[PDB]
Every structure is written in C-alpha cells, then in structure tokens.
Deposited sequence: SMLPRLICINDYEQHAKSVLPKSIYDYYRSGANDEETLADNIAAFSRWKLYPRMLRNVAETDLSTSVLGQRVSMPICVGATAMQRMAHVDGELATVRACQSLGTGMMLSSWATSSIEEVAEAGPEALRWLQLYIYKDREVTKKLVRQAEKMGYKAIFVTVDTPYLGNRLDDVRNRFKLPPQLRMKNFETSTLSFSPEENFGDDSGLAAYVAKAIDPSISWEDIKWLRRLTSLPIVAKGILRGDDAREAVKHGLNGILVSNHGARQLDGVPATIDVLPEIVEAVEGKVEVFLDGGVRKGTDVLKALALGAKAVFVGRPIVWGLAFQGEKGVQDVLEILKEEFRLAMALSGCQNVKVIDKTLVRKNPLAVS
C-alpha cells in the first residue's frame, strides 16, 4: 500500500470527511503559494558527489542544543483529533519512538499536560500565539516551562487568519465531541475574537523577558525581519509561510531560505517548513543552510491512515528517503551537506 508521503495524502482523502480533509489541505485564496512550496523544491537541482564512502550514514543533528535522530521534526498542526481519536497523543508517541521533536500547537485538541504525559521522553516544544488575553498567554508559557518543553515557537504571521476558501464554503468548525484543550469559517472568527492583531516587536520584548526558554520566530519571510528577531534576543528563525495558509502569493519557503540564512550571519539557527514531502527536500533545505525542517500536513495524513503507527510510518519514510538522498549525494553525516550540492 503506502510507500511515500503522497500515498498517505491520497489515502487520507479517501477516509476523512470532506470538511476535515479540506481544512487540513487548504491554502489561502487561489492557492498559488501552496503549489509553489512544492514546485520550488523541484527547481533546485542536486549535484551529487561520487565515491565518498557512505556505508555509515549518520542522520543525527541538534535543534537549539537538543539532540535529534534526524533533521526532520513535527510542526504544529491544530486540532489533530479530527484526523484520528488519539490526535496529539499519538504524534508525540511517534516522535518519542523516532527520536525527533514535536512542536505542539496552541490550538491542540490535547492539553500541554496530556501530551507531555504521553511523551515524557520526547523532545517537545510549544507553538504560541500571543492571545488578546496576556494572562492566557503567560499560563501557556508557564505550563510549557514546568512540563519540560524545551522551546517556544512564537507564530508571527497570523494577526488575522488567512482566507481559506474551502473552510468558508464548508463553514469549518470542530466536530462536536472535540475542543481546543488548553483554555463563514468558524476558525477565522475564533482568531478575530481571541488572537491579538496588534502585536509588535514590543510584544516580542515582553515574551523574551517572560521566559528563559529558547524562542524561535515562526513565519518570517524577510531578511530585515529576521535581523530584527536576532536584535530582540530570539534564538532561531522558522522560515515559514504557514503552510501557504496566510498571505497567498508569498514566495516558497525554500526560495526565501537563503536570504534569511545570509541575513542572520550565523547568530541563530534557521529552520524551514512548507512543502517538505521527500528526503531530497530535506537535503536541499540543509544544503541551503537550514538546521532542520518541520513537516505539517504529512503528519496529519499519518494520523488519518493509522494513528500513532501512521505518524511513525510517515516519519520513517522521510528518514529513509533522507538517508538515501544523503548517501547518493556523497554525504556521510549532516555536517558535510554543503551549498555546492544545490543550484537553481
């Protein structure tokens, strides 16, 4: 049956209700960036070295000082229990099995505590939105800290929700037996009521004083903004267009990655998400300077197939495709994945 990430998406389309599949699949508006996040990877070509000795390929690396088994981590995707009953709990258990990290959504269908208890040994980080209610915001950060989450990924590209046309057509909302457990399109209205469109760099200063955990700015697309995040004492940049779900017509993340890596001058780690489906995608992102990449939708499709096992399978497919891509390119470990491997 399912031997690559595209197969898991096709299976998911066959077994999820239309409104749930569409919520997970959609991009904003005409979905130009959604297509480009995938097409852009294909424009970057690989220049493999031969005869390097790849008997022993080591995929391990570090994210903000914490070891991971591979440079492929789970990105925040809201409300995972729509795809499968165990939702976030499963994801975290799969991450623990694989030895990689899970970024937990602020809009999870499982609590910060339920997920930590399910994956105590897993590397876990919290994705944060700055809520209008700063007491809501602080108690999410404090709960992450106490529960041995290792970083905060603050999403900075969502003052308002993007306009995902299928959610508006389907009048998206949660199934009746589910909730966000940490507290037109139903979700766009929720954002308008709950999430602060006023936040500025002053709020980043606030958050940077609030916690000693590492903080990564998620959703940066400009070098100037990245340099501002470094000036504010943040510890990494996640180059992201929110899975193409926010402003349509922004570039693909793999295309803006080199500007961001150049702008930060090695001062903080730079990560990528958006369109990662294949081991060669991971290799290209690392060659252009990313420390690791995050996967969003493939994880949801792993849930839709077979829950915890299905997330494990998706992660193992990515790991094996990445291993093969490294070996065929002449790379024994991630430290030798250099810029000459790629050209656009």
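Asker: If you line up the deposited sequence with the model, which stretches have no C-alpha coordinates?
Answerer: Gaps vs deposited seq, in order: 1-4, 188-202, 364-369.
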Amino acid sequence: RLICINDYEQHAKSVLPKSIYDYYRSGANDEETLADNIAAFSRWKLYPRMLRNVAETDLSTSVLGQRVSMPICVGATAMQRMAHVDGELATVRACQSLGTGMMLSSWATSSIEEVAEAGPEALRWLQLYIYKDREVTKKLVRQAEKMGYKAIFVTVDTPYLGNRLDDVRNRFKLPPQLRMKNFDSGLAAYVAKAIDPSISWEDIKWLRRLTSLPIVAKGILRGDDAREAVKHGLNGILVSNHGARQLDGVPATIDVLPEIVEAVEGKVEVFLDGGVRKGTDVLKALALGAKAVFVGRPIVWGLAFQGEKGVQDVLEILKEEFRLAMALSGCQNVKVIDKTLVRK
From here on, numbers count along this sequence of modelled residues.
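In this text, rigid core is short for the largest set of C-alphas that superpose within 1.5 Å between two forms.
Asker: Using the rigid core for superposition, please say which stretch has the greater CA deviation in 8 other deposited structures of this protein, 258-266 or 190-198.
Answerer: Of 258-266 and 190-198, the stretch deviating more in 8 other deposited structures of this protein is 190-198.
Asker: Taking only the other compared entries that model residues on either side of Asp184, decide whether it is unmodelled in at least a third of them.
Answerer: It is, since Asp184 is left out of at least a third of the other entries that model both flanking stretches.
Asker: Would 92-100 or 270-278 have the larger average of its C-alpha temperature factors, as given in the entry?
Answerer: Between 270-278 and 92-100, it is 92-100 that shows the higher mean C-alpha B-factor.
Asker: On average, which has the higher Cα B-factor in the deposited entry, 184-192 or 150-158?
Answerer: The stretch with the larger average C-alpha B-factor is 184-192.
Asker: Just grab whichever of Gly75, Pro120, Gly219, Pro71 has the top CA B-factor as deposited.
Answerer: In this record, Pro120 carries the highest C-alpha B-factor of the candidates.
Asker: Would you mind checking which of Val239, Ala252, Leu247, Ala116 has the top Cα temperature factor in the PDB entry?
Answerer: The record points to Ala116.
Asker: Taking the chain's C-alpha temperature factors as the reference, tell me which third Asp58 falls into: lowest, middle or highest.
Answerer: Its C-alpha B-factor, which the entry lists for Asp58, ranks in the middle third among residues of this chain.
Asker: Considering only modelled residues of the same chain, in which third does the CA B-factor of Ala285 rank: lowest, middle or highest?
Answerer: Lowest third of the chain for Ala285's C-alpha B-factor.
Asker: Is the Cα B-factor recorded for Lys132 in the lowest, middle or highest third of its chain?
Answerer: Middle third of the chain for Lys132's C-alpha B-factor.
Asker: Rank-wise, by C-alpha B-factor, drop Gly243 into the lowest, middle or highest third of its chain.
Answerer: Lowest third of the chain for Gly243's C-alpha B-factor.
Asker: What third of the chain, by the recorded C-alpha B-factor, contains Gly65?
Answerer: Ranked within chain, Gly65 CA B lands in the highest tercile.
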